[PDB]
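Undergrad: After the structure tokens below, expect a handful of questions from me.
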Amino acid sequence: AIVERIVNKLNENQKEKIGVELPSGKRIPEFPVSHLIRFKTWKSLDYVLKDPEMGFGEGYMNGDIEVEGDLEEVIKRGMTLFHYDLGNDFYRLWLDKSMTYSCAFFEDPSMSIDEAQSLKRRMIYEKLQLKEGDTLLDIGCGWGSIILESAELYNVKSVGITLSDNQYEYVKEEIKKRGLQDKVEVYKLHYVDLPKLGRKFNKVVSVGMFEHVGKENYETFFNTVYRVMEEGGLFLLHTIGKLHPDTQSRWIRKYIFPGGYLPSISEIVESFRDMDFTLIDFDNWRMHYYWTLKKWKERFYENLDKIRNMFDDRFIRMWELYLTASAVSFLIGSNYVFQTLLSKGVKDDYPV
Ligand SMILES: CCCCCCCCCCCCCCCC(=O)OC[C@@H](COP(=O)(O)CCN)OC(=O)CCCCCCCCCCCCCCC
Ligand SMILES: Nc1ncnc2c1ncn2[C@@H]1O[C@H](CSCC[C@H](N)C(=O)O)[C@@H](O)[C@H]1O
């Protein structure tokens, strides 16, 4: 009844029809469809009707909702209309070789994730005008690809901070393996404690970390960055964001990223309203994250047998929904990726 209206809305002007199978086994529509959503319990259907995001996410995770066909198409049409220990050995199965956990840059969708992450890093180095003698700080350095490669390519002295023990030990070992002990440092450190390093930097980068800061902490974040920068330095901030302030994902917060906040352009910029930062450039990479998440999901499926041997079926459904729904959010224009290049003080000689 209400179910038939929703199915009708989902199929308006669509070649590939979506259908629903009720717990009784009854189909709506009672004709062949391209994508079938099966509800095993009336409770799971009730949940979706009342709360599509949490109802579908938890119902899919728990196995009450099955999808025959293309999960991305189903998630796209629906979103348009409407504890596990994760070790380095899990991430290595679907991130690229450099273990970069952030948006890549694709000259073309056929580009490999490794090439696209290497290009993304090169574009960041170029934006920062990196040169020998610079001091580079990476706030939220993950598995270290930027602090390691910048030192090897440009002979900068680089420092990364991360909150993850697993990342810290991995980067420590990479520094040793590559003989970079005199050029690269890494610390397990919250950004608020950056002044304790007792150092300033003329180049600062932060990629995929700002989403975890929380809106109530933005002024503290930009004040901290300002205070550890040399006058005339450059700060490249790369974050997922929104075009306008909007609702945050309860499902992502519950299962993937507690305490995350995706800010709008206005929320980012007004965070540093009382500070001597000048805007150099603002870059939008939205569709590149769609392609990044598509490549991650492809590699995830390539290694699905091992991942299942490491985690249960509920985890796999959770992770595949995370990668799929996240990709869709960029595809349909709900989320963006923004790169903001700021100077400390008014810089008038940035190249054209
Ligand atoms: C009869 C009826 C039948 C019809 C059924 C059809 C119904 C079909 C509905 C199914 C949707 C359930 C999935 C709901 C999940 C979800 O919603 O998709 C996650 C997106 C979109 O959510 P939105 O609401 O658009 C933005 C506000 N956060 O959100 C993100 O965060 C994207 C993460 C980005 C990647 C992260 C990588 C690297 C990490 C770096 C930092 C990330 C920080 C993220 C913190 C939040
Ligand atoms: N409050 C905080 N202080 C310092 N680092 C933080 C932080 N909150 C999150 N992070 C770090 O930010 C990183 C997010 S994952 C992004 C990693 C890396 N920049 C890349 O692009 O691949 C992780 O290193 C995480 O530990």
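Residues in the structure tokens are named by chain (A, B, ... in the order shown) and by number from 1 within that chain; ligands are numbered from 1 in the order shown.
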Ligand 2: which residues are within 6 Å, counting only C-alpha atoms and all ligand atoms? Reply as a VMD selection string.
TA: chain A and resid 100 to 102 139 to 142 161 to 164 189 to 191 207 to 209 212 to 213
Undergrad: Please write the residues from the selection above to a file, keeping N, CA and C atoms, as a PDB file, in the first residue's frame.
TA:
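Printed below is out.pdb as written:
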ATOM      1  N   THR A 100      47.000   5.115   1.736  1.00  0.00           N
ATOM      2  CA  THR A 100      46.397   6.439   1.852  1.00  0.00           C
ATOM      3  C   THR A 100      44.889   6.303   2.050  1.00  0.00           C
ATOM      4  N   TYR A 101      44.370   6.914   3.113  1.00  0.00           N
ATOM      5  CA  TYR A 101      42.963   6.782   3.505  1.00  0.00           C
ATOM      6  C   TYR A 101      42.302   8.143   3.362  1.00  0.00           C
ATOM      7  N   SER A 102      42.110   8.568   2.113  1.00  0.00           N
ATOM      8  CA  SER A 102      41.576   9.881   1.779  1.00  0.00           C
ATOM      9  C   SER A 102      41.377   9.932   0.267  1.00  0.00           C
ATOM     10  N   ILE A 139      49.181  16.974   9.876  1.00  0.00           N
ATOM     11  CA  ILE A 139      48.296  16.824  11.023  1.00  0.00           C
ATOM     12  C   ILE A 139      47.306  15.704  10.719  1.00  0.00           C
ATOM     13  N   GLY A 140      47.498  14.556  11.361  1.00  0.00           N
ATOM     14  CA  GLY A 140      46.692  13.377  11.088  1.00  0.00           C
ATOM     15  C   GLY A 140      47.277  12.578   9.944  1.00  0.00           C
ATOM     16  N   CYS A 141      48.512  12.096  10.114  1.00  0.00           N
ATOM     17  CA  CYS A 141      49.317  11.614   8.992  1.00  0.00           C
ATOM     18  C   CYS A 141      48.991  10.191   8.553  1.00  0.00           C
ATOM     19  N   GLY A 142      48.097   9.499   9.249  1.00  0.00           N
ATOM     20  CA  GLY A 142      47.730   8.148   8.849  1.00  0.00           C
ATOM     21  C   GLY A 142      48.958   7.264   8.819  1.00  0.00           C
ATOM     22  N   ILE A 161      51.735  13.703  12.942  1.00  0.00           N
ATOM     23  CA  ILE A 161      51.084  13.266  14.171  1.00  0.00           C
ATOM     24  C   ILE A 161      49.862  12.428  13.812  1.00  0.00           C
ATOM     25  N   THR A 162      49.614  11.397  14.616  1.00  0.00           N
ATOM     26  CA  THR A 162      48.451  10.528  14.465  1.00  0.00           C
ATOM     27  C   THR A 162      47.964  10.139  15.853  1.00  0.00           C
ATOM     28  N   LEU A 163      46.685   9.776  15.951  1.00  0.00           N
ATOM     29  CA  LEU A 163      46.144   9.219  17.185  1.00  0.00           C
ATOM     30  C   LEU A 163      46.227   7.699  17.251  1.00  0.00           C
ATOM     31  N   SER A 164      46.539   7.024  16.147  1.00  0.00           N
ATOM     32  CA  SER A 164      46.449   5.566  16.083  1.00  0.00           C
ATOM     33  C   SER A 164      47.793   4.943  16.438  1.00  0.00           C
ATOM     34  N   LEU A 189      49.956  11.875  18.881  1.00  0.00           N
ATOM     35  CA  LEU A 189      49.710  13.183  19.463  1.00  0.00           C
ATOM     36  C   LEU A 189      48.409  13.747  18.924  1.00  0.00           C
ATOM     37  N   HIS A 190      47.580  14.253  19.834  1.00  0.00           N
ATOM     38  CA  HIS A 190      46.413  15.060  19.501  1.00  0.00           C
ATOM     39  C   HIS A 190      46.860  16.444  19.029  1.00  0.00           C
ATOM     40  N   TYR A 191      46.157  17.005  18.030  1.00  0.00           N
ATOM     41  CA  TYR A 191      46.587  18.288  17.469  1.00  0.00           C
ATOM     42  C   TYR A 191      46.635  19.389  18.527  1.00  0.00           C
ATOM     43  N   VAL A 207      44.958  16.150   5.755  1.00  0.00           N
ATOM     44  CA  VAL A 207      44.149  15.476   4.741  1.00  0.00           C
ATOM     45  C   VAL A 207      43.308  14.411   5.428  1.00  0.00           C
ATOM     46  N   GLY A 208      41.986  14.556   5.368  1.00  0.00           N
ATOM     47  CA  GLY A 208      41.113  13.533   5.912  1.00  0.00           C
ATOM     48  C   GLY A 208      41.125  13.423   7.419  1.00  0.00           C
ATOM     49  N   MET A 209      41.626  14.442   8.109  1.00  0.00           N
ATOM     50  CA  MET A 209      41.625  14.480   9.563  1.00  0.00           C
ATOM     51  C   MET A 209      40.569  15.432  10.121  1.00  0.00           C
ATOM     52  N   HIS A 212      37.150  14.673  11.794  1.00  0.00           N
ATOM     53  CA  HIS A 212      37.108  14.111  13.134  1.00  0.00           C
ATOM     54  C   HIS A 212      37.300  15.156  14.226  1.00  0.00           C
ATOM     55  N   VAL A 213      37.428  16.433  13.858  1.00  0.00           N
ATOM     56  CA  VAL A 213      37.703  17.474  14.844  1.00  0.00           C
ATOM     57  C   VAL A 213      36.443  17.840  15.628  1.00  0.00           C
TER      58      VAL A 213
END
Undergrad: With 6 Å as the cut-off and only C-alpha atoms and all ligand atoms counted, what is the closest atom pair between each nearby residue of chain A and ligand 1? Distances in Å to one decimal, ordered by chain and number, as JSON lines.
TA:
{"residue": "A:3", "atom": "CA", "partner": "ligand 1", "partner_atom_place_in_ligand_line": "1 (C)", "distance": 5.2}
{"residue": "A:6", "atom": "CA", "partner": "ligand 1", "partner_atom_place_in_ligand_line": "1 (C)", "distance": 5.8}
{"residue": "A:52", "atom": "CA", "partner": "ligand 1", "partner_atom_place_in_ligand_line": "9 (C)", "distance": 5.5}
{"residue": "A:53", "atom": "CA", "partner": "ligand 1", "partner_atom_place_in_ligand_line": "12 (C)", "distance": 4.3}
{"residue": "A:56", "atom": "CA", "partner": "ligand 1", "partner_atom_place_in_ligand_line": "10 (C)", "distance": 5.1}
{"residue": "A:57", "atom": "CA", "partner": "ligand 1", "partner_atom_place_in_ligand_line": "12 (C)", "distance": 4.4}
{"residue": "A:75", "atom": "CA", "partner": "ligand 1", "partner_atom_place_in_ligand_line": "8 (C)", "distance": 4.7}
{"residue": "A:78", "atom": "CA", "partner": "ligand 1", "partner_atom_place_in_ligand_line": "8 (C)", "distance": 3.9}
{"residue": "A:79", "atom": "CA", "partner": "ligand 1", "partner_atom_place_in_ligand_line": "9 (C)", "distance": 5.1}
{"residue": "A:101", "atom": "CA", "partner": "ligand 1", "partner_atom_place_in_ligand_line": "38 (C)", "distance": 5.6}
{"residue": "A:102", "atom": "CA", "partner": "ligand 1", "partner_atom_place_in_ligand_line": "38 (C)", "distance": 5.2}
{"residue": "A:208", "atom": "CA", "partner": "ligand 1", "partner_atom_place_in_ligand_line": "40 (C)", "distance": 4.8}
{"residue": "A:211", "atom": "CA", "partner": "ligand 1", "partner_atom_place_in_ligand_line": "43 (C)", "distance": 4.9}
{"residue": "A:247", "atom": "CA", "partner": "ligand 1", "partner_atom_place_in_ligand_line": "27 (C)", "distance": 5.6}
{"residue": "A:248", "atom": "CA", "partner": "ligand 1", "partner_atom_place_in_ligand_line": "27 (C)", "distance": 3.7}
{"residue": "A:249", "atom": "CA", "partner": "ligand 1", "partner_atom_place_in_ligand_line": "28 (N)", "distance": 3.7}
{"residue": "A:251", "atom": "CA", "partner": "ligand 1", "partner_atom_place_in_ligand_line": "15 (C)", "distance": 5.5}
{"residue": "A:252", "atom": "CA", "partner": "ligand 1", "partner_atom_place_in_ligand_line": "46 (C)", "distance": 5.7}
{"residue": "A:257", "atom": "CA", "partner": "ligand 1", "partner_atom_place_in_ligand_line": "45 (C)", "distance": 5.4}
{"residue": "A:260", "atom": "CA", "partner": "ligand 1", "partner_atom_place_in_ligand_line": "45 (C)", "distance": 4.1}
{"residue": "A:261", "atom": "CA", "partner": "ligand 1", "partner_atom_place_in_ligand_line": "46 (C)", "distance": 5.4}
{"residue": "A:262", "atom": "CA", "partner": "ligand 1", "partner_atom_place_in_ligand_line": "46 (C)", "distance": 5.8}
{"residue": "A:325", "atom": "CA", "partner": "ligand 1", "partner_atom_place_in_ligand_line": "18 (O)", "distance": 4.2}
{"residue": "A:326", "atom": "CA", "partner": "ligand 1", "partner_atom_place_in_ligand_line": "32 (C)", "distance": 4.1}
{"residue": "A:329", "atom": "CA", "partner": "ligand 1", "partner_atom_place_in_ligand_line": "21 (C)", "distance": 4.6}
{"residue": "A:334", "atom": "CA", "partner": "ligand 1", "partner_atom_place_in_ligand_line": "25 (O)", "distance": 5.0}
Undergrad: From a backbone DSSP assignment, name each residue in region 5-87 of chain A labelled strand (DSSP E), as a PyMOL selection string.
TA: chain A and resi 18-21+27-28+35-39+65-68
Undergrad: Keeping only N, CA and C atoms, write those residues as a PDB file, in the first residue's frame.
TA:
ATOM      1  N   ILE A  18      13.237  -1.293  -9.600  1.00  0.00           N
ATOM      2  CA  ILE A  18      13.505  -1.879  -8.292  1.00  0.00           C
ATOM      3  C   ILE A  18      12.210  -2.492  -7.785  1.00  0.00           C
ATOM      4  N   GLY A  19      12.308  -3.667  -7.161  1.00  0.00           N
ATOM      5  CA  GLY A  19      11.158  -4.304  -6.563  1.00  0.00           C
ATOM      6  C   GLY A  19      11.429  -4.653  -5.110  1.00  0.00           C
ATOM      7  N   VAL A  20      10.349  -4.962  -4.400  1.00  0.00           N
ATOM      8  CA  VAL A  20      10.398  -5.328  -2.991  1.00  0.00           C
ATOM      9  C   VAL A  20       9.775  -6.707  -2.831  1.00  0.00           C
ATOM     10  N   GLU A  21      10.406  -7.556  -2.023  1.00  0.00           N
ATOM     11  CA  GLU A  21       9.803  -8.813  -1.593  1.00  0.00           C
ATOM     12  C   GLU A  21       9.477  -8.702  -0.109  1.00  0.00           C
ATOM     13  N   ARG A  27       5.563 -10.123  -3.856  1.00  0.00           N
ATOM     14  CA  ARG A  27       6.414  -9.185  -4.572  1.00  0.00           C
ATOM     15  C   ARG A  27       5.637  -7.921  -4.909  1.00  0.00           C
ATOM     16  N   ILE A  28       6.311  -6.779  -4.804  1.00  0.00           N
ATOM     17  CA  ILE A  28       5.766  -5.510  -5.285  1.00  0.00           C
ATOM     18  C   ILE A  28       6.853  -4.813  -6.092  1.00  0.00           C
ATOM     19  N   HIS A  35      16.377  -4.964  -9.695  1.00  0.00           N
ATOM     20  CA  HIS A  35      16.967  -4.989  -8.362  1.00  0.00           C
ATOM     21  C   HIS A  35      15.873  -5.304  -7.355  1.00  0.00           C
ATOM     22  N   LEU A  36      16.083  -6.348  -6.561  1.00  0.00           N
ATOM     23  CA  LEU A  36      15.092  -6.821  -5.607  1.00  0.00           C
ATOM     24  C   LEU A  36      15.584  -6.572  -4.189  1.00  0.00           C
ATOM     25  N   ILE A  37      14.751  -5.920  -3.385  1.00  0.00           N
ATOM     26  CA  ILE A  37      15.004  -5.715  -1.963  1.00  0.00           C
ATOM     27  C   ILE A  37      14.076  -6.642  -1.188  1.00  0.00           C
ATOM     28  N   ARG A  38      14.647  -7.652  -0.535  1.00  0.00           N
ATOM     29  CA  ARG A  38      13.883  -8.608   0.264  1.00  0.00           C
ATOM     30  C   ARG A  38      13.916  -8.208   1.731  1.00  0.00           C
ATOM     31  N   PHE A  39      12.741  -8.148   2.355  1.00  0.00           N
ATOM     32  CA  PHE A  39      12.608  -7.910   3.786  1.00  0.00           C
ATOM     33  C   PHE A  39      12.213  -9.224   4.444  1.00  0.00           C
ATOM     34  N   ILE A  65      17.552  -7.526   5.615  1.00  0.00           N
ATOM     35  CA  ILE A  65      17.302  -6.942   4.303  1.00  0.00           C
ATOM     36  C   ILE A  65      18.352  -7.479   3.340  1.00  0.00           C
ATOM     37  N   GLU A  66      17.899  -8.118   2.266  1.00  0.00           N
ATOM     38  CA  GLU A  66      18.781  -8.618   1.228  1.00  0.00           C
ATOM     39  C   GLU A  66      18.528  -7.847  -0.060  1.00  0.00           C
ATOM     40  N   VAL A  67      19.586  -7.667  -0.845  1.00  0.00           N
ATOM     41  CA  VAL A  67      19.495  -6.976  -2.124  1.00  0.00           C
ATOM     42  C   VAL A  67      20.005  -7.917  -3.201  1.00  0.00           C
ATOM     43  N   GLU A  68      19.135  -8.234  -4.151  1.00  0.00           N
ATOM     44  CA  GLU A  68      19.509  -8.962  -5.351  1.00  0.00           C
ATOM     45  C   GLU A  68      19.622  -7.962  -6.494  1.00  0.00           C
TER      46      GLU A  68
END
Undergrad: Pick out the closest residue to residue 255 (chain A) from this set: A:268, A:48, A:321, A:275. Count only C-alpha atoms.
TA: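 Checking each candidate against residue 255 (chain A), we get A:321 as the closest.
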Undergrad: Select, from A:183, A:121, A:9, A:215, the residue with the minimum atom-to-atom distance to residue 82 (chain A), counting only C-alpha atoms.
TA: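 Closest residue, counting only C-alpha atoms: A:9.
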Undergrad: For residue 83 (chain A), please output as number ranges by chain all residues within 12 Å (counting only C-alpha atoms; exclusion window: fewer than 4 positions along the same chain).
TA: A: 254-256, 311-312, 314-315, 318
Undergrad: Selection from above, N, CA, C and O atoms, as a tab-separated table (two decimals), in the first residue's frame, can you write it?
TA:
chain	number	residue	atom	x	y	z
A	254	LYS	N	27.44	5.92	14.30
A	254	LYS	CA	27.27	4.77	15.18
A	254	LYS	C	28.28	3.68	14.87
A	254	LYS	O	28.84	3.06	15.78
A	255	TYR	N	28.55	3.43	13.59
A	255	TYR	CA	29.28	2.23	13.20
A	255	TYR	C	30.69	2.46	12.67
A	255	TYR	O	31.51	1.54	12.76
A	256	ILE	N	31.00	3.64	12.12
A	256	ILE	CA	32.25	3.85	11.41
A	256	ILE	C	33.10	4.94	12.05
A	256	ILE	O	34.27	4.72	12.38
A	311	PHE	N	36.75	-11.49	9.82
A	311	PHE	CA	35.59	-10.83	10.41
A	311	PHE	C	34.33	-11.57	9.97
A	311	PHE	O	34.31	-12.26	8.96
A	312	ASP	N	33.25	-11.37	10.71
A	312	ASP	CA	32.05	-12.13	10.40
A	312	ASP	C	31.26	-11.47	9.26
A	312	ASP	O	31.61	-10.40	8.75
A	314	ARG	N	28.36	-10.08	9.26
A	314	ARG	CA	27.78	-8.80	9.62
A	314	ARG	C	28.78	-7.67	9.38
A	314	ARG	O	28.40	-6.60	8.88
A	315	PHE	N	30.06	-7.90	9.70
A	315	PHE	CA	31.07	-6.88	9.44
A	315	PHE	C	31.21	-6.61	7.95
A	315	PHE	O	31.34	-5.45	7.54
A	318	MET	N	28.38	-4.55	6.80
A	318	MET	CA	28.57	-3.20	7.32
A	318	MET	C	29.59	-2.44	6.47
A	318	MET	O	29.35	-1.28	6.09
Undergrad: Quick one, how far is CA of residue 283 (chain A) from CA of residue 167 (chain A)?
TA: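 Between CA of residue 283 (chain A) and CA of residue 167 (chain A) the gap works out to 27.9 Å.
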Undergrad: Extract, using only C-alpha atoms, all DNA, RNA and protein residues at most 8 Å from residue 276 (chain A), discarding same-chain residues fewer than 4 positions from it, and format them as an mmCIF file with N, CA, C and O atoms, in the first residue's frame.
TA:
data_model
loop_
_atom_site.group_PDB
_atom_site.id
_atom_site.type_symbol
_atom_site.label_atom_id
_atom_site.label_comp_id
_atom_site.auth_asym_id
_atom_site.auth_seq_id
_atom_site.Cartn_x
_atom_site.Cartn_y
_atom_site.Cartn_z
ATOM 1 N N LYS A 344 49.628 32.207 6.123
ATOM 2 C CA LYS A 344 49.700 32.949 7.376
ATOM 3 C C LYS A 344 50.222 34.335 7.037
ATOM 4 O O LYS A 344 51.359 34.481 6.580
ATOM 5 N N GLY A 345 49.374 35.339 7.202
ATOM 6 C CA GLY A 345 49.639 36.655 6.672
ATOM 7 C C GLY A 345 49.213 36.791 5.219
ATOM 8 O O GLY A 345 48.948 35.815 4.515
ATOM 9 N N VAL A 346 49.137 38.038 4.766
ATOM 10 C CA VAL A 346 48.674 38.322 3.408
ATOM 11 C C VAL A 346 49.822 38.064 2.435
ATOM 12 O O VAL A 346 50.800 38.814 2.397
#
Undergrad: Determine, counting only C-alpha atoms, which protein, DNA and RNA residues have an atom within 10 Å of an atom of residue 219 (chain A); residues of the same chain fewer than 3 positions away are not included. Present the result as a compact mmCIF listing (two decimals) with N, CA, C and O atoms, in the first residue's frame.
TA:
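New file out-v1.txt:
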# COMPACT_ATOMS: atom_id res chain seq x y z
N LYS A 215 32.67 20.29 15.20
CA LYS A 215 32.46 21.71 14.93
C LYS A 215 32.81 22.58 16.14
O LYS A 215 33.35 23.68 15.98
N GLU A 216 32.51 22.10 17.34
CA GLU A 216 32.79 22.88 18.54
C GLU A 216 34.28 23.13 18.76
O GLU A 216 34.64 23.98 19.58
N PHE A 222 42.06 25.87 14.30
CA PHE A 222 42.73 26.87 13.47
C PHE A 222 43.67 27.74 14.29
O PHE A 222 44.71 28.17 13.78
N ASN A 223 43.34 27.99 15.56
CA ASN A 223 44.25 28.74 16.42
C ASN A 223 45.55 27.98 16.63
O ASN A 223 46.64 28.56 16.60
N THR A 224 45.44 26.66 16.84
CA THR A 224 46.62 25.83 17.04
C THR A 224 47.50 25.82 15.79
O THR A 224 48.73 25.95 15.88
N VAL A 225 46.88 25.66 14.61
CA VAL A 225 47.66 25.67 13.37
C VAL A 225 48.34 27.02 13.19
O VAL A 225 49.54 27.09 12.86
N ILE A 268 33.41 25.96 7.54
CA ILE A 268 34.88 25.92 7.49
C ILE A 268 35.44 27.34 7.56
O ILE A 268 36.28 27.65 8.42
N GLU A 270 34.22 30.32 8.36
CA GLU A 270 33.99 31.19 9.50
C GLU A 270 34.66 30.67 10.77
O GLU A 270 34.73 31.42 11.76
N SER A 271 35.23 29.46 10.72
CA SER A 271 36.05 28.95 11.82
C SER A 271 37.27 29.82 12.08
O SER A 271 37.75 29.87 13.22
N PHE A 272 37.83 30.47 11.05
CA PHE A 272 39.03 31.27 11.25
C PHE A 272 38.77 32.75 11.01
O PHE A 272 39.65 33.49 10.57
N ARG A 273 37.56 33.20 11.34
CA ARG A 273 37.18 34.59 11.08
C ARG A 273 38.04 35.59 11.85
O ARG A 273 38.25 36.72 11.39
N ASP A 274 38.53 35.23 13.03
CA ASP A 274 39.27 36.21 13.82
C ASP A 274 40.78 36.03 13.71
O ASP A 274 41.52 36.43 14.62
N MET A 275 41.25 35.46 12.61
CA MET A 275 42.65 35.05 12.48
C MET A 275 43.25 35.59 11.20
O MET A 275 42.56 35.79 10.20
Undergrad: In Å, with one decimal, what is the gap from CA of residue 204 (chain A) to CA of residue 160 (chain A)?
TA: 9.9 Å
Undergrad: Restricting the calculation to only C-alpha atoms: of A:241, A:263, A:214, A:233, which residue gets closest to residue 129 (chain A)?
TA: A:233
Undergrad: Mind checking which residues fall within 8 Å of residue 265 (chain A), counting only C-alpha atoms, ignoring those fewer than 5 positions away in the same chain, and posting them as a PyMOL selection string?
TA: chain A and resi 241-244
Undergrad: Let's have the selection written as an mmCIF file, in the first residue's frame, with C-alpha atoms.
TA:
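To be explicit, this is the file written out as part-v8.cif:
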data_model
loop_
_atom_site.group_PDB
_atom_site.id
_atom_site.type_symbol
_atom_site.label_atom_id
_atom_site.label_comp_id
_atom_site.auth_asym_id
_atom_site.auth_seq_id
_atom_site.Cartn_x
_atom_site.Cartn_y
_atom_site.Cartn_z
ATOM 1 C CA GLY A 241 32.418 18.873 3.458
ATOM 2 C CA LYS A 242 28.976 20.018 2.398
ATOM 3 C CA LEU A 243 27.804 22.835 0.162
ATOM 4 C CA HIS A 244 25.439 24.078 2.903
#
Undergrad: Measuring between only C-alpha atoms, which one of A:64, A:108, A:70, A:89 shows the shortest distance to residue 17 (chain A)?
TA: A:70
Undergrad: Among region 95-331 of chain A, which ones does DSSP place in alpha helix (DSSP H), written as number ranges by chain?
TA: A: 113-127, 145-154, 165-178, 218-227, 250-255, 265-270, 286-302, 304-310, 313-331
Undergrad: Those selected residues, please, written with C-alpha atoms and delivered as a short mmCIF file (atom, residue, chain, number, x, y, z; two decimals), in the first residue's frame.
TA:
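Output (out39.cif):
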data_model
loop_
_atom_site.label_atom_id
_atom_site.label_comp_id
_atom_site.auth_asym_id
_atom_site.auth_seq_id
_atom_site.Cartn_x
_atom_site.Cartn_y
_atom_site.Cartn_z
CA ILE A 113 44.10 3.88 -7.12
CA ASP A 114 47.89 3.87 -6.66
CA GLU A 115 48.43 6.27 -9.57
CA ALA A 116 45.56 8.46 -8.38
CA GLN A 117 46.96 8.70 -4.84
CA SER A 118 50.46 9.47 -6.14
CA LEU A 119 48.98 12.23 -8.31
CA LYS A 120 46.96 13.56 -5.36
CA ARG A 121 50.16 13.78 -3.31
CA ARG A 122 52.06 15.50 -6.13
CA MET A 123 49.26 18.05 -6.47
CA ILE A 124 49.45 18.74 -2.73
CA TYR A 125 53.24 19.17 -2.87
CA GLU A 126 52.81 21.61 -5.77
CA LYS A 127 50.10 23.60 -3.98
CA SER A 145 52.81 8.44 2.83
CA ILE A 146 53.06 12.25 2.73
CA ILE A 147 55.70 12.70 5.44
CA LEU A 148 57.81 9.86 4.02
CA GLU A 149 57.62 10.76 0.33
CA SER A 150 58.00 14.53 0.82
CA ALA A 151 61.32 13.95 2.58
CA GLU A 152 62.52 11.56 -0.14
CA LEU A 153 61.46 13.75 -3.05
CA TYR A 154 62.14 17.26 -1.76
CA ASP A 165 48.98 3.27 17.74
CA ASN A 166 48.82 0.95 14.72
CA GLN A 167 49.67 3.83 12.37
CA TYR A 168 52.38 5.20 14.66
CA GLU A 169 54.26 1.88 14.80
CA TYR A 170 53.84 1.37 11.05
CA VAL A 171 55.29 4.79 10.22
CA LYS A 172 58.09 4.32 12.76
CA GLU A 173 59.05 1.09 10.99
CA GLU A 174 58.87 2.77 7.57
CA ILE A 175 61.19 5.53 8.76
CA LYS A 176 63.70 2.90 9.90
CA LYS A 177 63.35 0.77 6.75
CA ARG A 178 63.95 3.75 4.46
CA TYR A 218 37.18 24.32 14.87
CA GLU A 219 38.39 27.60 16.39
CA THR A 220 40.81 25.72 18.65
CA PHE A 221 42.05 23.79 15.60
CA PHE A 222 42.73 26.87 13.47
CA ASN A 223 44.25 28.74 16.42
CA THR A 224 46.62 25.83 17.04
CA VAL A 225 47.66 25.67 13.37
CA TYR A 226 48.19 29.45 13.27
CA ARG A 227 50.43 29.28 16.34
CA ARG A 250 23.71 8.76 12.49
CA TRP A 251 24.59 5.44 10.85
CA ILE A 252 28.17 6.49 10.05
CA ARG A 253 28.60 7.94 13.55
CA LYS A 254 27.27 4.77 15.18
CA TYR A 255 29.28 2.23 13.20
CA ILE A 265 31.91 25.81 3.20
CA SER A 266 30.50 28.53 5.45
CA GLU A 267 31.28 26.52 8.59
CA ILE A 268 34.88 25.92 7.49
CA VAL A 269 35.61 29.52 6.52
CA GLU A 270 33.99 31.19 9.50
CA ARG A 286 33.75 15.81 -5.14
CA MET A 287 33.56 13.19 -7.93
CA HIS A 288 37.11 12.04 -7.24
CA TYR A 289 35.95 10.59 -3.92
CA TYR A 290 33.24 8.64 -5.72
CA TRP A 291 35.96 7.01 -7.82
CA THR A 292 38.27 6.54 -4.82
CA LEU A 293 35.56 4.68 -2.91
CA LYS A 294 34.71 2.60 -6.00
CA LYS A 295 38.32 1.43 -6.28
CA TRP A 296 38.43 0.65 -2.56
CA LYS A 297 35.27 -1.44 -2.80
CA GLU A 298 36.69 -3.26 -5.84
CA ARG A 299 39.81 -4.22 -3.90
CA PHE A 300 37.67 -5.12 -0.88
CA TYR A 301 35.75 -7.62 -3.02
CA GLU A 302 38.98 -8.99 -4.56
CA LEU A 304 36.65 -10.85 0.31
CA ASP A 305 37.57 -14.45 1.18
CA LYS A 306 40.38 -13.35 3.49
CA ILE A 307 38.32 -10.52 5.02
CA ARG A 308 35.57 -13.03 5.81
CA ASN A 309 38.15 -15.27 7.48
CA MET A 310 39.07 -12.24 9.64
CA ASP A 313 29.38 -11.67 7.72
CA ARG A 314 27.78 -8.80 9.62
CA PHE A 315 31.07 -6.88 9.44
CA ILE A 316 31.40 -7.47 5.69
CA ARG A 317 27.86 -6.21 5.09
CA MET A 318 28.57 -3.20 7.32
CA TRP A 319 31.79 -2.35 5.46
CA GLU A 320 30.34 -2.86 1.98
CA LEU A 321 27.41 -0.61 2.89
CA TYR A 322 29.82 1.99 4.28
CA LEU A 323 31.88 2.06 1.07
CA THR A 324 28.79 2.01 -1.16
CA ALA A 325 26.65 4.58 0.64
CA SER A 326 29.68 6.85 1.10
CA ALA A 327 30.40 6.69 -2.63
CA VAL A 328 26.75 7.48 -3.42
CA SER A 329 26.76 10.52 -1.14
CA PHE A 330 29.39 12.15 -3.36
CA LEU A 331 27.76 10.91 -6.58
#
Undergrad: Could you check which of A:137, A:235, A:85, A:144 is closest to residue 194 (chain A), using only C-alpha atoms?
TA: A:137
Undergrad: What's the separation between CA of residue 25 (chain A) and CA of residue 42 (chain A), in Å to one decimal place?
TA: 11.3 Å
